[PDB]
Amino acid sequence: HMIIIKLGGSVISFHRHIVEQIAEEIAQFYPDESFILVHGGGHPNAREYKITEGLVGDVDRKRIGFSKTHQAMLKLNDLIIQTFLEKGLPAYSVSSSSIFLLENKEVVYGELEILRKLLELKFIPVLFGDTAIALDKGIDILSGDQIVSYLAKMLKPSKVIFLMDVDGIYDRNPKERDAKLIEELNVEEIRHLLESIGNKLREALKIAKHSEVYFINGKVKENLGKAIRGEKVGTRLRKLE
Amino acid sequence: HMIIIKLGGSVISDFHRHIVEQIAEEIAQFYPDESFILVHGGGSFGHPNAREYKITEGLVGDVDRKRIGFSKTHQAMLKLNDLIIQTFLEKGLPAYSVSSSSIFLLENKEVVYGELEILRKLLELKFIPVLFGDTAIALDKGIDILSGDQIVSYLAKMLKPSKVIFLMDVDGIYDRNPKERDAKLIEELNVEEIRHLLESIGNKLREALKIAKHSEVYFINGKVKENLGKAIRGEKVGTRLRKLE
Ligand SMILES: Nc1ncnc2c1ncn2[C@@H]1O[C@H](COP(=O)(O)OP(=O)(O)O)[C@@H](O)[C@H]1O
Ligand SMILES: Nc1ncnc2c1ncn2[C@@H]1O[C@H](COP(=O)(O)OP(=O)(O)O)[C@@H](O)[C@H]1O
Ligand SMILES: O=P(O)(O)OCC=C1CCCC1
Ligand SMILES: O=P(O)(O)OCC=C1CCCC1
């Protein structure tokens, strides 16, 4: 009984009111429910220093920007952590680039014993999309979707909840005209959509092999509780069989 | 051919940006031909929160308040870590933060579980990882305070550095409390003297005994710049504890 919740980069950006709403919803299940939290950037230094290119060209500048981008990520992570703390929840920050190693944007080495111990002692670990050491490229950007995929394979949570700007995975483009919400997502529908973001839809296809997946609107407070309890909300991709 | 520098808690803070710039300049005199790990203690940041929430008592009594204070102490340590790293970055050195509580587990104040591959890759790619004394999960009492001395001890037995350099408020180890008007600095430390001093701080001397099995140890004054380079070059400075045999 453990639930991973991924906060998109756009729902938290700082949007303290929505973080307070997520914390109040999580408080309805703590501590009779283990929770892991992952959030994203809200990004400037990563593009400015070309982290995804790797350790090539001006390597000294890339190492400085690698650290600067990590320090910025820690500052935003602190904003989220403090908000959770004044709401009574023991959120504890875990540095992603301290426990993960990348190859081809994917985690190929991980340390998970501290996360396990944090959950066992009724803590709420909070990771973030981060800069990360890459075996193939020296340095790379580890996205939140990759952390969630690796955690899903290893810790096998009961479900993974994506908080997005829209109500879920839509038929056409969400901000279009005649777009319908896919309340029940199956794998063939996912492959239907990937031919015509697709990155997290691919990660969702991987995660579904291990856990139930929800795509919900993180701006509506009650959606998080509806997804945690299993009620109808947004888009739901059941565990594969 | 790797050096572990420990930055005493009352050296870097009680924040002294000037001496941190001094340590950065000294280190930049040897980077990148030499690889460094830095461990800094809680200055005026981590202690006022740890003793306020009594982290060393473990997960006992008001466990909910201790969990909050556990987190608040880690966040303050991360703020101090950011000041030290930003200072190192502006000096052109690629310092990178490693969260101690993300990779270590404690029991009886000692690390009994650790992850060191990310540290290894950081050193391999010419980064300077910066760890800190931190709150930590303890297998016996739930939560505890992981001292930078114990971090360096675990890193010494594991990575076997060429030397370990403690930056302190004093010139090194003395015959007694340096506050006494008659107190002399020990230039060459040995196990007999360490046991002599311990029978009457002490934690740093016990860890130094364990560390000396794998690395040569230096105790120097961290507020005098040229002292660090002297210890890195193996010159005569402060107190030296040679590798055991
Ligand atoms: N068919 C679709 N269904 C839902 N959202 C879509 C679709 N096509 C494009 N999008 C948009 O793609 C974006 C992906 O969000 P993204 O920035 O990847 O989240 P994160 O911050 O977690 O990386 C969403 O904001 C959404 O508006
Ligand atoms: N024989 C001795 N040699 C050196 N320092 C001593 C001795 N006896 C007592 N001390 C004192 O113990 C202190 C050790 O500080 P310490 O607790 O190691 O700092 P931190 O915990 O921040 O690393 C020194 O400031 C020094 O004044
Ligand atoms: O969770 P996301 O948004 O997929 O990845 C996180 C993105 C960044 C960019 C700089 C540091 C972290
Ligand atoms: O690193 P030091 O000074 O040896 O040990 C003390 C460390 C901390 C970190 C949070 C509270 C106290």
Side-chain angles (χ1 to χ4, degrees), chain A residues 6-13 38-43 129 143-145 148 162-176 179-182 185 189-190 193-194 196-201 203 215 218 234-235, chain B residues 6-14 39-43 45-53 55-56 70 73-74 76-77 80 100-101 109 131-136 144-152 166-180 183-186 189 193-194 196-198 200-205 207-208 219 222 238-239:
Chain A
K6 210 271 178 158
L7 319 198
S10 43
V11 276
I12 49 169
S13 186
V38 184
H39 63 92
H43 160 250
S143 80
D145 301 331
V148 176
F162 291 94
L163 315 189
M164 315 173 50
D165 280 357
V166 290
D167 301 350
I169 302 311
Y170 274 102
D171 209 342
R172 291 74 155 101
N173 187 267
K175 293 174 184 175
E176 208 254 324
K180 247 166 136 192
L181 184 94
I182 320 177
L185 194 64
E189 175 83 56
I190 276 179
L193 275 157
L194 284 153
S196 59
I197 197 60
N199 189 285
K200 82 163 38 61
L201 279 276
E203 293 318 290
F215 305 91
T235 288
Chain B
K6 202 262 193 190
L7 287 50
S10 41
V11 198
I12 56 99
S13 180
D14 216 354
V39 186
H40 76 83
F45 291 78
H47 292 45
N49 288 263
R51 63 200 175 81
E52 160 73 35
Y53 287 96
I55 308 298
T56 59
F70 199 68
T73 290
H74 180 64
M77 273 325 288
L80 177 39
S100 290
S101 42
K109 305 128 91 194
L131 293 131
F132 43 94
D134 201 10
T135 35
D144 213 340
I145 285 292
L146 158 68
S147 146
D149 288 340
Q150 315 282 355
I151 289 159
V152 174
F166 294 86
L167 311 179
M168 317 183 71
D169 289 288
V170 283
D171 288 356
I173 316 298
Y174 282 73
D175 298 357
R176 74 273 290 181
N177 212 323
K179 301 196 123 207
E180 322 249 12
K184 295 80 191 163
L185 167 85
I186 304 161
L189 199 56
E193 317 182 298
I194 296 177
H196 190 311
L197 275 98
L198 284 202
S200 48
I201 51 146
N203 173 71
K204 201 173 275 308
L205 273 201
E207 289 326 289
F219 301 97
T239 308

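Counting convention: from 1, in listed order, for ligands and their atoms alike. Computed from heavy atoms alone, side chains included, the values below leave out hydrogens, waters and symmetry copies. Numbers restart at 1 for each chain; the letters A, B, ... are given by sequence-line order, proteins then strands.
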Student check: side-chain heavy atoms of B:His74 and B:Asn49 closer than 4.5 Å: no
Crowding at NZ, A:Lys175 (>12 non-hydrogen neighbours, <6.0 Å): no
Stepwise side-chain contact (heavy atoms from CB on, under 4.5 Å) check, B:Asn203 with B:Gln150: CA-CA 9 Å; B:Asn203 173 71; B:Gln150 315 282 355; 3.1 Å; yes
Evaluation steps, side-chain contact (heavy atoms from CB on, under 4.5 Å), between B:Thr135 and B:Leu146: CA-CA 6 Å; B:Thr135 35; B:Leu146 158 68; over 6 Å; no
Cationic N near anionic O, under 4.0 Å, B:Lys204 to B:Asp149: yes
Nearest heavy-atom neighbours spanning B:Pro178 and B:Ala183: CA-CB, 4.0 Å
Ligand 1: which protein N/O atoms lie under 3.5 Å from its N/O atoms?
residue: ligand 1; atom: 1 (N); partner: A:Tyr170; partner atom: O; Å: 3.3
residue: ligand 1; atom: 1 (N); partner: A:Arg172; partner atom: O; Å: 3.3
residue: ligand 1; atom: 3 (N); partner: A:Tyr170; partner atom: N; Å: 3.0
residue: ligand 1; atom: 12 (O); partner: A:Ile197; partner atom: N; Å: 3.3
residue: ligand 1; atom: 18 (O); partner: A:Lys200; partner atom: NZ; Å: 2.6
residue: ligand 1; atom: 19 (O); partner: A:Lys200; partner atom: NZ; Å: 2.9
residue: ligand 1; atom: 21 (O); partner: A:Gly9; partner atom: N; Å: 2.9
residue: ligand 1; atom: 22 (O); partner: A:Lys6; partner atom: NZ; Å: 2.8
residue: ligand 1; atom: 22 (O); partner: A:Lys200; partner atom: NZ; Å: 3.4
residue: ligand 1; atom: 23 (O); partner: A:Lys200; partner atom: NZ; Å: 3.3

When you check ligand 4 against the protein, what N or O pairs turn up below 3.5 Å? List the atom names and distances, or just say none.
residue: ligand 4; atom: 1 (O); partner: B:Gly148; partner atom: N; Å: 3.1
residue: ligand 4; atom: 4 (O); partner: B:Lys6; partner atom: NZ; Å: 3.3
residue: ligand 4; atom: 4 (O); partner: B:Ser147; partner atom: OG; Å: 3.4

Which atom of A:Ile182 lies closest to which atom of A:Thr235, heavy atoms considered: O-OG1, 2.6 Å
Enclosure of B:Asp14 CG (heavy-atom neighbours >12, cutoff 6.0 Å): no
B:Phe166 and B:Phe219 aromatic ring geometry - parallel, tilted or perpendicular at 30°/60° bounds: parallel
